[PDB]
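Enquirer: My questions will all concern the structure given below.
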Amino acid sequence: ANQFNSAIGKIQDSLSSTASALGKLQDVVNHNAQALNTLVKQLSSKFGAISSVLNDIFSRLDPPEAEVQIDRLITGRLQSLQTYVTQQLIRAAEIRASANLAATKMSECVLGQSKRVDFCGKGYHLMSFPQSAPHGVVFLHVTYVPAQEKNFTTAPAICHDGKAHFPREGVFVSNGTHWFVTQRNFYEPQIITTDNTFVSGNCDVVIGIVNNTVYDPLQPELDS
Amino acid sequence: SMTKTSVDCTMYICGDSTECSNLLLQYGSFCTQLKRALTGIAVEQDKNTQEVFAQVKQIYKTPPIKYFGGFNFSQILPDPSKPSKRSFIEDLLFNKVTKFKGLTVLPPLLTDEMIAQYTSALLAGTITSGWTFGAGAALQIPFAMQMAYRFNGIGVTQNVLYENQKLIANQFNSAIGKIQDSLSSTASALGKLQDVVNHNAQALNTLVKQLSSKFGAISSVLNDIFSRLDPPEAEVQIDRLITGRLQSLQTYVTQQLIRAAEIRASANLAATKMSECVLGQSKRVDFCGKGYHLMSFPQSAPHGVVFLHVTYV
Amino acid sequence: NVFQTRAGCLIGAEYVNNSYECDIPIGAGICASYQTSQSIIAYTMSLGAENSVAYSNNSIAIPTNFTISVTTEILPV
């Protein structure tokens, strides 16, 4: 509760200062801002005609002479629309490909636990918090990242009575004296028991096997 | 990634005459935004190399004493004796993939020597550091303890690995030698990467052959119109040649935006399989390869990436 | 005051041997940045810091600590 409550406040201090984290949504607006200012600047272009004003063509010329110059100005304004609407079909295909990516992360990451790596956020996934955004969505990914590291002494199997003891769930570690059973994500040293080990095979076919005594809890319970 | 190109408006449309450059002020912003559309392709081609090839910002190196599980890993590791850092498979991958009119070729940002140092860093994190290299700081897991916990995701215990470990080295080293012999014999497996060269070559050979076509005009030379015909009759025949070359330029920019969208979904499929199959273990069928998944080996490739999937059959 | 790249000739920059995270790309591995009496320098890109992990048969590393971090991804809709 000390680590999680400070981690949400670092998101609030970053979004109040740095504005470039939301700039992927600002490129949605600025590509549309150049698209609506595209067709305004095409009206001032002469398109090969003398003047771009349609009242300065038909009222200044013969009606045989106007229909050549008017049909150049319409076809130049048709080609400005054929560059516009084709650009609106291509740029919305990148939005709808990202909308299916956003609807996958609303389904998989938010509604349940997902085992995926670099999808629901970096590291081991816990949960996701959706937040609303203009023309988009803002995800908050709560992840599990281990920090400190310590080197231990391992072995794949433990030889006791002549049968190899394989670990069921866990790893075999040692501090240099006694062999302990811990887990991959965390350090919790335990006493070696028959319920935590699995018995298969002999000791000859295992490369790197070590000798220790597997503690049986039933052996103190015989006389008690 | 694809080949980044740029089109000059002055040299391609005009035949280097003073009459053609004065008539583009009436046409204006036609070829201005088409150069901006090819610029925005070339920004996104550099973003495809950042998402796929480099998953992490940390570089791992191979230890100089090599014994890994009784296996031969030297075909995917780069050669320190050569000045270029390349593995034995990537020597075969680079060699099978095969005048200035105002069209230029933009060079790529990330060089192919720096792609292989993203490749040799993430192969070092897979072998030495386990699956924890992309999910956090790199731990030290021995290689006999890596594949025992990679069998536990698909339902196989540790009885299969430790007894049969000498029989895995006959199976794994013979299967990876058939991959090296097949890529050296035939170039048809790399033919998806050869079409990225070929569809960019047919687009550039389309655009340079539209200059010889007449486009409705009498002559295709702008110097032959101005030195012969009258200047009221020259402005009809020159402006047919300007408009017909811009329709070939409108064809060229639109087809490259469709191929940029097809190479975006393939790179997002590639950056998914770097994040899932290479950096972790998946339980999926026909995603990380056919059958059960164990591990995945990325390799460097021109205009792409070659995945080596280790499957359990 | 002048430097030859594989992309072409670059005039107005100073070639340095330091390699770190840059800002303005040029191409073919050469990248430009403006840092400090101030000028624009061009150099070869960094891949990150050097880390060489240890390897032996008998050594395992188990983490003793964990840190919960919050990351933010923005997808347009």
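Chain B uses Swiss-Prot numbers throughout; the residues present, in order, are 730-827, 854-1068.
If you're wondering, the header gives electron microscopy, 3.4 Å.
Cβ coordinates are placed from backbone N, Cα and C, and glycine is handled just like the others.
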Enquirer: What residue among B:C738, B:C749 is stated in Swiss-Prot to be the disulfide partner of B:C743?
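Expert: Here Swiss-Prot pairs B:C743 with B:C749 via a disulfide bond.
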Enquirer: Candidates are B:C760, B:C1032. Which one does Swiss-Prot pair with B:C738 through a disulfide bond?
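Expert: Answer per Swiss-Prot: B:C760.
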Enquirer: Which of the listed disulfide-bonded residues (B:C738, B:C749, B:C760) has the least company, meaning the fewest other Cβ atoms within 10 Å of its Cβ?
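Expert: Relative to the other disulfide-bonded residues in B:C738, B:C749, B:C760, B:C738 has the fewest Cβ atoms within 10 Å.
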Enquirer: Can you see whether DSSP assigns B:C738 (disulfide bond) to helix, strand or coil?
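Expert: Going by the DSSP assignment, B:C738 (disulfide bond) falls within a helical segment, counted as helix.
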Enquirer: In three-state terms from DSSP, label B:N801 (N-linked glycosylation site) for me.
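Expert: DSSP call for B:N801 (N-linked glycosylation site): coil, neither helix nor strand.
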